[PDB]
Amino acid sequence: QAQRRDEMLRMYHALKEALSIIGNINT
Amino acid sequence: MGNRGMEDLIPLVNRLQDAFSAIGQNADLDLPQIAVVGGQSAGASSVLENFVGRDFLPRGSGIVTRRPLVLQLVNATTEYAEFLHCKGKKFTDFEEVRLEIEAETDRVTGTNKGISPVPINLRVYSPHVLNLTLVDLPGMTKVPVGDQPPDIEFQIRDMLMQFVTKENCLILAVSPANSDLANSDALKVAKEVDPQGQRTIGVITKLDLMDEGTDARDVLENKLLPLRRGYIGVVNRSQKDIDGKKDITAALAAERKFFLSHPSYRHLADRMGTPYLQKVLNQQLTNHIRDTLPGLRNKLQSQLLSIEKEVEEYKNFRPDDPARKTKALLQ
Amino acid sequence: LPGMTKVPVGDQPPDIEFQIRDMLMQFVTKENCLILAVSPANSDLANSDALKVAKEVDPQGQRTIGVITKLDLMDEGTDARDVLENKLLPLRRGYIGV
Ligand SMILES: Nc1nc2c(ncn2[C@@H]2O[C@H](COP(=O)(O)OP(=O)(O)O)[C@@H](O)[C@H]2O)c(=O)[nH]1
Ligand SMILES: [Mg+2]
């Protein structure tokens with residue numbers, strides 16, 4: 001359960017970062 | 001030499017690739033492949049190597065493009081070339097690449113006007129290129145010569161179909177100027193695989209060999225045979241110029257002088273020439289890469305919404321929370 | 001006869017190529033008829049349509065005579081000696097340049 005929690009949080013932050021990069025790339 | 005229209009797009013690909021690699025996933029950067037269809041001795045190899053910006057293909061009178069060479073450009077950190085059939089060797093000189101291509105063709109087809117459906121896979125790594133597929137197909141003919149089989153026409157056409165009926169491919173249709181456009185096979189093929197012109201780009205070569213007193217002014221204006229993207233005229237090196245080792249800079253200067261002096265083409269001077277074709281293809285690739293962004297956004301947005309409902313609780317996890325324990329117990 | 005074409009223009013129907021061949025076949029498939037196959041010099045001989053038709057209707061070359069009509073417009077640095085000497089695509093009666 002701890003491993004699943006940690007993976008979910010890492011993936012959440014990484015997805016947010018990906019959107020923050022793509023939006024800036026599109027301009 | 002060189003191609004400077006890649007420089008403004010490479011960092012966009014790198015940033016998108018890094019953005020996706022952050023999650024352990026790739027980017028669906030499905031750039032179109034470029035296929036050069038043309039008749040024999042139409043000039044379809046000199047155009048291609050002028051787009052790459054390197055003098056590495058065999059070219060010249062006769063049947064030279066005997067096998068369907070496939071060139072893969074891969075973005076890397078240094079510049080080198082390799083062949084799948086020469087695995088383990090490294091090529092640091094394009095002249096060696098050209099000579100090796102000739103040797104590999106002769107080794108399989110022989111010294112007559114032979115062909116082979118099996119492609120050569122040449123890969124060039126360089127920090128100044130994009131991940132591109134370039135296909136140099138053998139030119140179509142009408143009758144067999146040498147030791148070719150009677151069906152040489154059909155075998156060549158079949159080699160073309162497998163590469164131009166594929167989606168996401170640019171058909172760069174090359175026809176000579178000192179001929180009648182109504183009798184160009186490349187355009188017949190394009191109309192058989194792209195009935196409405198969305199990808200097909202017309203290129204007209206050999207404008208310097210027109211019969212004195214005649215021009216193609218009514219062709220370049222897209223009046224004789226309307227094509228959705230028009231026709232781009234170019235002037236390549238002549239056979240004497242290949243044998244004379246003419247510089248690329250001189251060829252471009254001669255092309256620019258040709259268009260500026262020719263009485264029937266001055267008004268189109270800024271719509272033709274090698275660098276114009278480079279911009280048109282680069283703009284076509286840029287339009288493609290932008291068109292796919294809505295799909296990437298929708299995938300990421302869907303994944304984010306799916307996980308958020310559980311992230312809301314995971315972010316509130318604490319090593320000591322009697323309420324969390326109680327909630328789990330009740331549920 | 002009208003020349004052969006691949007791409008229709010000018011409101012010609014899509015099958016213009018087949019109609020042109022149908023006109024051609026009614027004169028070149030007759031016996032007791034000579035066929036003179038006209039090919040340009042500036043366009044590679046392997047692409048010649050006249051030789052394809054002559055080859056289809058005169059496999060033996062008894063009636064076909066070849067002519068190369070545009071030696072004036074050859075790209076500088078090349079020539080057609082290998083065609084006029086009947087070496088590249090041997091034809092029983094040879095080729096005549098004009
Ligand atoms: N002057 C001139 N020569 C050309 C042009 N296009 C092709 N050539 C020459 O035609 C010969 C054969 O061209 P190439 O590209 O090898 O034909 P392909 O490779 O079979 O498509 C070479 O000597 C070229 O320099 C042109 O537009 N102008
Ligand atoms: Mg060619």
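For all residues, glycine too, the Cβ spot is worked out from N, Cα and C.
Within the same chain, residues at least 6 positions away in sequence whose Cβ sits under 8 Å from that of B:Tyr80 (phosphotyrosine) are B:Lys90, B:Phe91, B:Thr92, B:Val124, B:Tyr125, B:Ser126. Annotated phosphotyrosine per Swiss-Prot: B:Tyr80 (among others), in sequence order, evidence recorded as similarity to another entry.
Under the heading phosphotyrosine, Swiss-Prot lists B:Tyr125 (among others).
According to Swiss-Prot, the feature 3'-nitrotyrosine maps to B:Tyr125. Under the DSSP three-state reduction, B:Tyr125 (phosphotyrosine) is assigned to strand.
What Swiss-Prot lists as region 'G3 motif' is B:136-139, and the listing cites sequence analysis.
Summarising the annotation, Swiss-Prot assigns region 'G4 motif' to B:205-208. Panel annotation: around the region 'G4 motif' (B:205-208), residues 42-43, 46-47, 174-179, 216, 233-236, 238, 258 of the same chain, lying at least six beyond its termini, place a Cβ under 8 Å from a Cβ of the stretch.
Residues annotated as region 'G5 motif' in Swiss-Prot, with sequence analysis given as evidence: B:235-238. In the region 'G5 motif' (B:235-238), helix, strand and coil residues by DSSP number 0 helix, 0 strand, 4 coil.
In the three-state DSSP reading, B:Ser306 (phosphoserine) counts as helix. Its own atom aside, the Cβ of B:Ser306 (phosphoserine) has 10 Cβ atoms within 10 angstroms in the protein chains shown. The phosphoserine annotation in Swiss-Prot covers B:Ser306, and the record cites similarity to another entry as its basis.
Its Cβ placed at the centre, B:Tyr125 (phosphotyrosine) has 16 other Cβ atoms within 10 Å.
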